[PDB]
């Protein structure tokens, strides 16, 4: 019902999945109506990237923020999913490199870092995007849609034809809440095929890839010694990505998200399509937290 930021400043270091470059990440309290601001500090003067759906590029196997001249910060979807998780509206994210550190491949280390910084509630009203019409976008056999619904629901179906990713759980559905996100989604790691690593590293992608930040799968199985944190970790990670992608507008959404084989590109195309239709959505604030959907009760 009230907007949110951090109580104090926290730092973590790590490496960029794509660049291999060492990075330090600084999260910063920000006053009301600031929004979500990414900032590169390896550049002087430092360059600000406000989170906006029109500022997304989809080309580098992840979600990148870019300005009008294609200067960029890569691999924002995992930290962004953590901000969506804990309802954070106003924050400054500083990196001294062109990319967010990958940490353990999931959103959980971002969740711990934000909880250690404590959440500060503000005396100004948190704005929600309420979906007021069905919108649908497509790409081959891939599709993604939003529908009006008095909460926040995600229904995600993947189709990977691969023995190590059993069909039995290539679909996942949840009603969103900070606690659910934290218990069911936040610890789901990124993954990659051993068959792809030569190609991707020859192009300057996944240079920071390790068994520490990813599930590695060969032609038959998961190679990681300790296996999976969940039998369906693959589709939970795809849903983590989708939550990060939908928060590029900088507001939690009131709606029912459904997707088949969607990714960064189609998830942004959906988010954009919605915001381009004046009549498909509406801001809404909450005077009393009685009318506020259970999806957004504080953690």
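Numbering follows the first chain given and starts at 1.
- Relative to one another, 103 to 111 and 160 to 168 have unequal mean CA B-factors, and 160 to 168 is the one with the higher figure.
- In this crystal structure, the stretch out of 62 to 70 and 269 to 277 whose C-alpha atoms carry the higher mean B factor is 269 to 277.
- The maximum CA B-factor among the listed residues 212, 77, 94, 121, taken from the PDB record, is found at 121.
- When the C-alpha B-factors of 221, 183, 132, 203 are read from the PDB record, the largest value belongs to 132.
- The entry lists a Cα temperature factor for residue 54 that places it in the highest third of the chain's modelled residues.
- For residue 84, the recorded CA temperature factor ranks within the middle third of the chain's modelled residues.
- Split the chain's modelled residues into thirds by C-alpha temperature factor. Residue 175 is in the middle one.
- Ranked by C-alpha B-factor against the other modelled residues of its chain, residue 227 falls in the middle third.
- Among all modelled residues in this chain, the alpha-carbon of residue 190 has a temperature factor (C-alpha) in the lowest third.
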